[PDB]
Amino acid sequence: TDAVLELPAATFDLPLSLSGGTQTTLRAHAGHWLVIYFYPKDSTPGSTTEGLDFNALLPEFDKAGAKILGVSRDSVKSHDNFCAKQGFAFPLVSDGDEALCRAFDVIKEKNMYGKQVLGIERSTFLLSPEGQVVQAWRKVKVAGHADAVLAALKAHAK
């Protein structure tokens, strides 16, 4: 009744390749809040700003016991470079096959260039300690976004 999105059950057991060489799964994050932010491409201005914004707010997320995951379809090596360059203290998911993206339905289509063009739409989600998607932001505007996500988390966690 509180879920704004229903994920296929298998989503929670998908092995998610992380920056740094390990994997996680959504089920492995049971027991705490999880912020999942999707962005199209490593190292672009918008995505760097978004990542730096979350990073700067990390202690506030820590206060709530929450964890952050950034997600794009870039490689682990790209993610490692991006993370090292920017100093991110949270992991990035290398969703190269877009399995996680599809589960969250963030692969959106646009009729452009006389074609049907599919791409990651910047989107963010809040997953409860019990794995429910309780809030979604789509077609995300970077400015003020991380602040808004934090506020929403604090409202939901209470």
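The first residue of the shown sequence is 1; numbering continues from there.
Relative to one another, 112-120 and 88-96 have unequal mean CA B-factors, and 112-120 is the one with the higher figure.
In the PDB entry, the Cα temperature factor peaks, among 52, 69, 107, 64, at 64. Among all modelled residues in its chain, residue 43 ranks in the highest third by Cα B-factor. Among all modelled residues in its chain, residue 19 ranks in the lowest third by Cα B-factor. Residue 138: CA B factor lies in the middle third for its chain, per the PDB record. For residue 56, the recorded CA B-factor ranks within the highest third of the chain. Only modelled residues enter the ranking. Looking at the C-alpha B-factors along this chain, the one for residue 35 belongs to the lowest third.
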